[PDB]
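Chain residues, written in single-letter form:
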Amino acid sequence: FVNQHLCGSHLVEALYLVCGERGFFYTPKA
Amino acid sequence: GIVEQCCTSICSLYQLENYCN
Ligand SMILES: [Cl-]
Ligand SMILES: [Cl-]
Ligand SMILES: [Cl-]
Ligand SMILES: [Zn+2]
Ligand SMILES: [Zn+2]
């Protein structure tokens, strides 16, 4: 299975770098 | 959502900018 909790940890650190000062909302549920 | 799109295949920086505010 794809471990969404471990992937999500990495995706939020990637969003932090790509969005910068714009920020972002992270909602797991689809 | 982002988890569906970017955990089984890689998302480039241009794809991940779609989720910024
Ligand atoms: Cl991992
Ligand atoms: Cl990523
Ligand atoms: Cl990355
Ligand atoms: Zn990891
Ligand atoms: Zn990544």
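Residues numbered from 1 in each chain as written, not as in the entry; some residues may be left out. Chains lettered and ligands numbered in written order. Heavy atoms only, no water.

In its PDB record the entry is named "INSULIN".

Peer 1: Describe helix α1 (residues 4–19) of chain A, with residues and values.
Peer 2: The end-to-end C-alpha distance of α1(A), which contains 16 residues, comes to 21 Å, matching closely the 22 Å that a straight helix rising 1.5 Å per residue would cover. All of the buried residues along α1(A) are A:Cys7, A:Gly8, A:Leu11, A:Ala14, A:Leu15, A:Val18 and A:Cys19. One face of α1(A) carries all of its buried residues, which in axial projection span an arc of 125°. For α1(A), the exposed residues set more than 90 degrees away from the buried face come down to A:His5, A:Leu6, A:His10, A:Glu13, A:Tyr16 and A:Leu17. Where α1(A) is buried, its residues touch α1 (2–6) and α2 (13–16) of chain B. Capping of α1(A) at its N-terminal end is provided by A:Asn3; its side-chain oxygen lies 3.0 Å from the backbone amide nitrogen of A:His5. (Helix = DSSP H or I, 4+ residues; strand = E, 2+ residues; numbered from the N terminus. Expected span 1.5 Å × (residues − 1). Buried < 20%, exposed > 50% of the residue type's maximum accessible area, 1.4 Å probe, protein only. Arc of directions from axis to C-beta. Contact = heavy atoms within 4.5 Å. Polar contact = N/O pair within 3.5 Å; in protein donor to acceptor, adjacent residues only side chain to side chain.)

Peer 1: Please set out the state of the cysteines residue by residue, giving values where relevant.
Peer 2: Disulfides are covalent bonds that link the sulfur atoms of two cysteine residues. Scanning the model with the defined rule gives 3 disulfides over all chains in all. With its sulfur 2.0 Å from that of its partner, A:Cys7 forms a disulfide with B:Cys7. In this structure the cystine formed by A:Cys7 and B:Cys7 twists about its S-S bond by roughly -100°; its chirality is therefore left-handed. Placement of the pair is A:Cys7 in helix α1 and B:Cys7 in the loop between α1 and α2, with the two residues belonging to separate chains. The class of A:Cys7 is buried, set by a relative accessible area of 13%. A disulfide bridge connects B:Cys6 with B:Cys11, and the sulfur atoms are separated by 2.0 Å. The chirality of the disulfide connecting B:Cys6 with B:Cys11 is left-handed, given an S-S dihedral of about -85°. (Disulfide = S-S within 2.5 Å.)

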